[PDB]
Every structure is written in C-alpha cells, then in structure tokens.
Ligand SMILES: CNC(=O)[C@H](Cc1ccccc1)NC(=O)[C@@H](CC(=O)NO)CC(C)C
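Taking the form solved without the ligand, here's one chain by itself in structure tokens.
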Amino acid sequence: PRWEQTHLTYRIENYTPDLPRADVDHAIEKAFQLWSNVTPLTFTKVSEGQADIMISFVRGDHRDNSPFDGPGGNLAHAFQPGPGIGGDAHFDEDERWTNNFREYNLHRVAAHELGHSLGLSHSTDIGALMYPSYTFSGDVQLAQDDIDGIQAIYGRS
C-alpha cells in the first residue's frame, strides 16, 4: 500500500514545551525537504482541515496498544499509511528532545518515522538513517540505499 497521490500534506497538533515551535517546524520542514529534494513529491503544511500525516506528542499510555514503558523501549512509533489513524505519528514526549548531538536528535528520529510513512523498511547499512540502533552522524543526509529505494518506488525527480 502506498499513497496514490503525488502530493501530501501534514499538520502539527501542538508543540511540546521541550523546544520552541520555531525550532521544531524547521526540523520537521527540513526532513520533508530532504525527502522531496530527491523525490518529485511535494509537502504542504496546513493550519486547518485534516492532513494526510498528523503529527502529535503524547505521554505514557495514550489510548494505544503500545504504551511507553519509561525511557526504555522505542522512543516513538507510527501507524501504517492508511485512512483513519493510519499515517499518524506519535512522539514520546516523556523523553528530552534536543536539536543537536545532545542525548538524542529530534530531526534524526523524525526522518526515521517519515521513512516508515513512505513505506520504507529498516536496513543493515550503517550509513542508513533507517538503522535500528541510534547513531550520531555529523551531518544528517540521506543514503544511496535510501535514495535508490524511494526513487525505485516513484522514480527520479
């Protein structure tokens, strides 16, 4: 299953007080641009109406079958790309999100969750951001395994 449309939209339900929204929007917009920068897909932010991808922050159990068990376990998750709650993305607001090489980088995890919404799967390539184990990579850029994978599905820009 994949999006049949060539354009998609996204909306943030709220900004966590962990970091200013001005810094979060950039991190999120920067991730979408990295994906569109290599794919003919386009992402438009909407301040009203529904969004193919809804992003929100939740704490502890939030009406889901995958409650967060402390700072351990996964730091976030998303539903398969589909109507209803599908395509939604929840972030563990119990952890401390930062915008640099501190404990964790929100943009690194954001790109990872966005990769799943695109239908991408994990990989054993260390240079792949979809790597299961977290790793600090100087600059955050896409890998060829990821570019060829998303381009193979849609094509070149």
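Numbering starts at 1 and follows the sequence shown.
There is another form of the same protein, the form deposited with the ligand bound; it is not shown, and what comes next is about it.
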* **Pose source in the bound PDB entry; superposed partner the ligand; site open or blocked by backbone or C-beta within 2.4 Å** => open
* Asked: Of the listed stretches (112 to 120, 22 to 30, 53 to 61, 35 to 43), which one has a non-hydrogen atom within 4.5 Å of the ligand in the bound PDB entry?
  -> 112 to 120
* Going by a heavy atom distance of 4.5 Å, is residue 15 a contact of the ligand in the bound PDB entry? -> no
* Using a 4.5 Å heavy atom cut-off, state whether residue 132 contacts the ligand in the bound PDB entry. => yes
* Closest heavy atom of residue 82 to the ligand in the bound PDB entry, within 4.5 Å or not? -> no
* Candidate site 7, 10 and 49: all three near the ligand in the bound PDB entry by heavy atom within 4.5 Å -> no
* Go through 40 to 75 residue by residue and record those having a heavy atom within 4.5 Å of the ligand in the bound PDB entry; state none if no residue qualifies. => 73, 74, 75
